[PDB]
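Colleague: Take this structure first; my questions come after.
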Amino acid sequence: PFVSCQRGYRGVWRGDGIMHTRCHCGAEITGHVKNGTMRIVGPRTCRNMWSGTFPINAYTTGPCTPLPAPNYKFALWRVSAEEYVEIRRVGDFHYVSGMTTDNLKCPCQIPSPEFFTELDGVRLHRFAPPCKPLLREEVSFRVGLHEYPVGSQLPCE
Amino acid sequence: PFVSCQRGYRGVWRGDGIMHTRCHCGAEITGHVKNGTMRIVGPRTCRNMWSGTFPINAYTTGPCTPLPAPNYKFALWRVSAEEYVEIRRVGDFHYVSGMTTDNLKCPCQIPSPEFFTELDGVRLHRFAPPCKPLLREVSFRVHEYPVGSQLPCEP
Amino acid sequence: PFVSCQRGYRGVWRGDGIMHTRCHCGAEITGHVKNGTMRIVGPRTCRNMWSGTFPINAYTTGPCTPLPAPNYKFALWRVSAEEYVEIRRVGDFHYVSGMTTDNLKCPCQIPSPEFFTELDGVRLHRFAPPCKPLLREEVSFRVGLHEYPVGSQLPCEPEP
Amino acid sequence: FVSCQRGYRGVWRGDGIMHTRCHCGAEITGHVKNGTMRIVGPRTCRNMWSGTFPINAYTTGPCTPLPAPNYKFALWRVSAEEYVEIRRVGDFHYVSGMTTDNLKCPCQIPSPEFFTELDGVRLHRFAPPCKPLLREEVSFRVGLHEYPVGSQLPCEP
Ligand SMILES: [Zn+2]
Ligand SMILES: [Zn+2]
Ligand SMILES: [Zn+2]
Ligand SMILES: [Zn+2]
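Protein chains in written order, with the entry's author numbering: chain B, 6 to 162; chain A, 6 to 142, 144 to 148, 151 to 163; chain D, 6 to 165; chain C, 7 to 163.
Okay, here's the thing in structure tokens:
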């Protein structure tokens with residue numbers, strides 16, 4: 006139900022200061038982070054203004070970083086320079102629900118939330134590739150050396 | 006010998022935990038971070054182990070983040086999906102000494118050291134697309153301005 | 006393959022100039038200090054030359070002195086005419102966790118980083134006795150008229 | 007590091023201490039004893055870690071290189087500003103290219119140390135910039151007879 010006009014991040018921020026981004030509709034949204042809460046200033050027209058959110062793009066600019074909560078439902082993870090992995094979170098456990106390419110080597114511990122490229126459709130980092138179609142069945146990812154099938158939890162929790 | 010190993014980063018880190026990476030020479034380097042300091046562990050073969058340094062790669066794994074000292078000489082700023090700028094620092098001012106392409110749009114204010122792609126030869130991000138020859142002979147656009157000029161929101 | 010390199014100092018120096026020394030593997034290293042920073046030049050053989058570090062032997066030469074950072078773990082303090090004491094440093098507090106001989110006479114104010122003969126395996130001063138084996142258990146050191154056990158803080162140092 | 011001028015580690019004639027500077031601009035020193043040169047360098051200059059010695063208008067000392075005759079291509083200054091490439095075949099030499107057409111040439115290929123370059127590696131100082139790299143449809147003048155691009159050095163049996 007988001008019209009992008011891209012889906013903004015709304016949550017805590019790392020650092021204090023003034024942030025600057027441009028939406029896909031054209032808006033320039035300005036953010037004022039102080040004590041880790043950002044106050045948004047934007048045009049009635051952008052959905053992000055309505056949602057209190059702040060889209061992240063090649064256009065983003067300022068000293069601050071997203072500090073999202075660990076209770077996401079899906080996370081796209083940049084593993085190669087051009088390859089990603091979809092993690093699904095269920096309880097305190099995270100399971101590889103998909104991957105751009107097969108035999109995709111990957112780390113075994115899950116990262117802190119702010120290293121993920123996208124959380125539930127929301128971008129976290131100013132630059133990244135596009136995302137090849139996430140294969141979700143009939144596949145395997147290598148973790149170091151021992152391979153696993155799709156759906157299988159990350160081996161370190 | 007010394008020659009193929011990536012010039013690693015040595016300095017303060019953000020967040021505690023265990024860092025993993027692989028040097029171009031093939032060596033694996035491990036960094037243990039507590040209170041911002043990283044202790045380096047690696048094979049004798051590799052420079053970074055002797056240098057106390059950590060090579061940031063597409064191979065780097067971990068929770069910690071580099072926190073560079075603001076007192077650099079030169080820095081690489083990724084200002085576009087595929088475009089960079091060399092920023093040279095003199096005292097409290099910084100002067101844009103290079104650019105991969107002429108007339109690239111630019112930001113009027115320098116970022117925190119940590120947002121720079123490379124510092125004095127040390128790459129700080131793990132994913133960084135390659136840098137075409139830097140041009141030091144044209145102009146940039148913030151208005152529009154010749155090479156060597158300070159950052160226009162630094163006057 | 007692996008040189009027996011006695012590890013060098015890398016850090017800030019006192020007094021600009023040109024310094025020469027010989028390494029344990031007989032690499033005539035030479036350094037150039039300007040504004041505290043020394044730039045090293047030697048052979049691709051020595052492993053100080055992989056770290057970029059200056060070995061301090063009794064071979065060193067020149068008007069510069071090391072100025073080490075204060076956050077060491079273990080230091081070597083030269084007492085006497087032939088005796089040392091390993092000082093172990095925990096945060097702001099300092100313990101006499103070794104010695105080269107029992108019941109050593111031993112001052113109780115722990116010196117500036119500059120004054121230690123060796124800091125965490127790096128010598129700082131050109132001339133030194135060879136260190137005897139470090140007795141670390143069932144021994145004591147005298148701070149003046151008082152006698153204390155191995156593992157004790159310094160007796161000037163405010164320890165609670 | 008990658009900007010450094012490829013130097014020479016081979017045998018030297020004479021003994022003593024040699025100085026020169028790289029294009030990177032760390033200076034270099036070689037110590038020659040029994041014909042072997044030891045490289046003392048800045049922990050910045052590839053020629054130090056390569057044990058090589060960059061030969062430049064900046065070199066000084068009392069010693070002269072002696073390359074082994076098992077080179078591939080070489081540079082031969084035949085005039086004040088005119089060189090000639092020479093390809094070794096495992097046999098006897100071949101003139102692989104000039105810098106100017108109808109160039110005059112001595113028929114005997116000289117000992118390895120008279121060449122300005124052996125394989126992209128300078129051996130002499132003050133040698134003039136090479137021009138172009140010309141390959142074909144051109145002739146050289148050995149004695150009074152003339153020869154095509156590609157022929158053996160005449161005086162070789
Ligand atoms: Zn919008
Ligand atoms: Zn290495
Ligand atoms: Zn050595
Ligand atoms: Zn060089």
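All C-beta atoms, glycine included, are put in the ideal place defined by N, C-alpha and C.
For the candidate residues D:41, D:38, D:33, D:99, whose alpha-carbon lies nearest to that of residue 51 of chain D?
Modeller: As a working mapping, residue 51 of chain D is identified with position 46 in the third sequence. Closest by alpha carbon: D:33.
Colleague: Which complete alpha helix (DSSP H) runs does the region 39-91 of chain B hold, if anything under 4 residues is left out?
Modeller: 52-56
Colleague: According to DSSP, simplified to helix, strand and coil, what is residue 120 of chain B?
Modeller: For the purposes of this step, residue 120 of chain B is taken as the residue at position 115 of the first sequence. Helix.
Colleague: What would DSSP say about residue 98 of chain A, mapped onto helix, strand or coil?
Modeller: By one-based count along the second sequence, residue 98 of chain A stands at place 93. Of the three classes helix, strand and coil, the one that applies to residue 98 of chain A here is strand, per DSSP.
Colleague: Taking 8 Å as the line, does the beta carbon of residue 6 of chain D fall inside it for any heavy atom of ligand 2?
Modeller: Numbered from its first residue, the third sequence carries residue 6 of chain D at position 1. Outside the cutoff, so no.
Colleague: Within its chain, find whatever has a CB closer than 8 Å to the CB of residue 136 of chain A; leave out the 5 residues flanking it on each side and keep chain order.
Modeller: Taking the second sequence and counting its residues from 1, the one referred to as residue 136 of chain A is at position 131. Once the five neighbours on either side are set aside, the close Cβ partners of residue 136 of chain A are 81, 89, 105.
Colleague: What does the shell around ligand 1 hold, if a residue joins when its beta-carbon is under 5 Å from any heavy atom?
Modeller: B:10, B:28, B:30, B:32, B:51
Colleague: Give me the Cβ distance between residue 65 of chain B and residue 147 of chain B, rounded to the nearest whole Å; I'm assuming they're in contact under 8 Å.
Modeller: As a first step, residue 65 of chain B is located in the first sequence; it is residue number 60 there, counting from the start. As a first step, residue 147 of chain B is located in the first sequence; it is residue number 142 there, counting from the start. The pair is not a contact, with the Cβ atoms about 34 Å apart (cut-off 8 Å).
Colleague: Whether or not the region 43-58 of chain C and the region 152-163 of chain D are in contact is what I'm after, with contact meaning three or more pairs of Cβ atoms, one per stretch, closer than 8 Å; do they touch?
Modeller: no
Colleague: Need the endpoints of the beta strand (DSSP E) that residue 26 of chain B sits in, please.
Modeller: Taking the first sequence and counting its residues from 1, one reaches residue 26 of chain B at position 21. Per DSSP, residue 26 of chain B belongs to the beta strand (DSSP E) from 22-27.
Colleague: Quick check: the Cα distance between residue 3 of chain B and residue 55 of chain B, rounded to an integer number of angstroms?
Modeller: Residue 3 of chain B falls outside the range modelled here, since chain B spans only 6 to 162, and no answer is possible.
Colleague: Does residue 59 of chain D get closer than 9 Å to chain A when you measure Cβ to Cβ?
Modeller: Against the third sequence, residue 59 of chain D aligns to sequence position 54. Taking Cβ atoms only, chain A never reaches closer than 9 Å to residue 59 of chain D, which makes this a no.
Colleague: With a threshold of 6 Å on Cβ separation, who are the neighbours of residue 24 of chain C within its own chain once the five nearest residues in sequence on each side are excluded?
Modeller: Position 18 of the fourth sequence, counted from the first residue, corresponds to residue 24 of chain C. Excluding positions up to five away in sequence, the list reads 36, 67, 69.
Colleague: Round the Cβ separation of residue 143 of chain A and residue 15 of chain A to the nearest angstrom and send it over; I've been treating them as touching at under 8 Å.
Modeller: Because residue 143 of chain A lies between 142 and 144, and chain A jumps straight from the first to the second, it has no atoms in this structure.
Colleague: Rounded to whole angstroms, what's the CA-CA distance from residue 123 of chain B to residue 26 of chain C? Just pull it up for me.
Modeller: Residue 123 of chain B sits at position 118 when you count from the first residue of the first sequence. Residue 26 of chain C sits at position 20 when you count from the first residue of the fourth sequence. Spanning the alpha carbons of residue 123 of chain B and residue 26 of chain C requires a straight line of approximately 54 Å.
Colleague: Quick check: does the Cβ of residue 54 of chain D come within less than 8 Å of any heavy atom belonging to ligand 3?
Modeller: One-based indexing of the third sequence puts residue 54 of chain D at position 49. Yes - ligand 3 has a heavy atom lying nearer than 8 Å to the Cβ of residue 54 of chain D.
Colleague: List, in chain order, every chain A residue whose beta-carbon is nearer than 8 Å to that of residue 52 of chain C.
Modeller: Taking the first residue of the fourth sequence as position 1, residue 52 of chain C is located at position 46. Going along chain A in sequence order, the residues near residue 52 of chain C (Cβ under 8 Å) are 8.
Colleague: Quick check on residue 82 of chain D - is its C-beta less than 9 Å from some C-beta in chain C?
Modeller: Numbered from 1 along the third sequence, position 77 holds the residue referred to as residue 82 of chain D. Taking Cβ atoms only, chain C never reaches closer than 9 Å to residue 82 of chain D, which makes this a no.
Colleague: Got a sec: which bits of the region 16-48 of chain C sit with their beta carbon under 7 Å from any beta carbon on chain D, in order along the chain?
Modeller: 44, 45, 46, 47, 48
Colleague: Is residue 112 of chain D near ligand 3, with its Cβ less than 8 Å from a heavy atom?
Modeller: For the purposes of this step, residue 112 of chain D is identified with residue 107 of the third sequence, where counting begins at 1. Residue 112 of chain D: no, Cβ never under 8 Å from ligand 3.
Colleague: Specify, as a first and last residue, the run of the beta strand (DSSP E) that residue 12 of chain B falls within.
Modeller: Residue mapping note: residue 12 of chain B aligns to position 7 of the first sequence, counting from 1. Note, residue 12 of chain B: premise wrong, no beta strand (DSSP E); not H, not E.
Colleague: Could you tell me whether the Cβ of residue 157 of chain D comes closer than 9 Å to any Cβ of chain A?
Modeller: Here residue 157 of chain D refers to the residue found at position 152 of the third sequence. No, residue 157 of chain D does not count as interfacial toward chain A.
Colleague: Return helix, strand or coil for residue 115 of chain C, following the three-state DSSP convention.
Modeller: Residue numbering aside, residue 115 of chain C sits at position 109 when the fourth sequence is read from its first letter. In the structure shown, residue 115 of chain C sits in coil (DSSP, three-state: anything other than H, G, I, E or B).
Colleague: For chain D, find out if any of its Cβ atoms is closer than 9 Å to the Cβ of residue 145 of chain C; answer yes or no.
Modeller: Along the fourth sequence, read from residue 1 onward, the residue named residue 145 of chain C stands at position 139. Answer no: the Cβ-Cβ gap between residue 145 of chain C and chain D never drops below 9 Å.
Colleague: Roughly how many whole angstroms lie between the Cα atoms of residue 134 of chain B and residue 61 of chain B?
Modeller: As a working note, residue 134 of chain B is residue 129 in the first sequence. As a working note, residue 61 of chain B is residue 56 in the first sequence. Rounded to the nearest angstrom, the two C-alpha atoms are 14 Å apart.
Colleague: I think residue 111 of chain B touches residue 53 of chain B, with their Cβ atoms under 8 Å apart; what is that distance to the nearest whole Å?
Modeller: The sequence position of residue 111 of chain B within the first sequence is 106, counting from 1. The sequence position of residue 53 of chain B within the first sequence is 48, counting from 1. About 32 Å; that fails the 8 Å criterion.
Colleague: Kindly indicate which three-state DSSP category residue 35 of chain A falls into: helix, strand or coil?
Modeller: Against the second sequence, residue 35 of chain A aligns to sequence position 30. Residue 35 of chain A: strand per DSSP, three-state reduction.
Colleague: From residue 77 of chain D to residue 21 of chain A, what does the alpha carbon distance come to, in whole angstroms?
Modeller: Counting from 1 along the third sequence, the entry for residue 77 of chain D is found at position 72. Counting from 1 along the second sequence, the entry for residue 21 of chain A is found at position 16. Roughly 20 Å between the two C-alpha positions.
Colleague: When the cut-off is 9 Å and only beta carbons count, does residue 85 of chain C lie next to chain A?
Modeller: On the fourth sequence, position 79 is the one that residue 85 of chain C refers to. At a cut-off of 9 Å between beta carbons, residue 85 of chain C makes no contact with chain A.
Colleague: Using CA atoms only, rank isn't needed, just tell me which of B:142, B:19, B:13 is closest to residue 120 of chain A.
Modeller: Taking the first residue of the second sequence as 1, we reach residue 120 of chain A at position 115. Considering only alpha carbons, the answer is B:19.
Colleague: Kindly list, in the order they appear in chain B, the residues whose Cβ is closer than 7 Å to that of residue 66 of chain A.
Modeller: Here residue 66 of chain A refers to the residue found at position 61 of the second sequence. Neighbours of residue 66 of chain A on chain B, chain order: 112.
Colleague: Hey, is residue 166 of chain A's beta-carbon within less than 9 Å of any beta-carbon in chain D?
Modeller: Here chain A covers residues 6 to 163 and nothing more, so residue 166 of chain A does not appear.
Colleague: Answer with yes or no whether the minimum CB distance from residue 102 of chain A to chain D is below 9 Å.
Modeller: As a first step, residue 102 of chain A must be located in the second sequence, where it is residue number 97. Judged by the 9 Å Cβ criterion, residue 102 of chain A is not in contact with chain D.
Colleague: Taking the straight line between their C-alpha atoms, what separation do you get for residue 152 of chain C and residue 102 of chain C?
Modeller: Stepping through the fourth sequence from its first residue, residue 152 of chain C is reached at position 146. Stepping through the fourth sequence from its first residue, residue 102 of chain C is reached at position 96. Rounded to whole angstroms, residue 152 of chain C to residue 102 of chain C spans 15 Å at the Cα level.
Colleague: What would DSSP say about residue 151 of chain A, mapped onto helix, strand or coil?
Modeller: Along the second sequence, one-based indexing puts residue 151 of chain A at 143. Looking at residue 151 of chain A - three-state DSSP - the assignment turns out to be coil, as it is neither helix nor strand.
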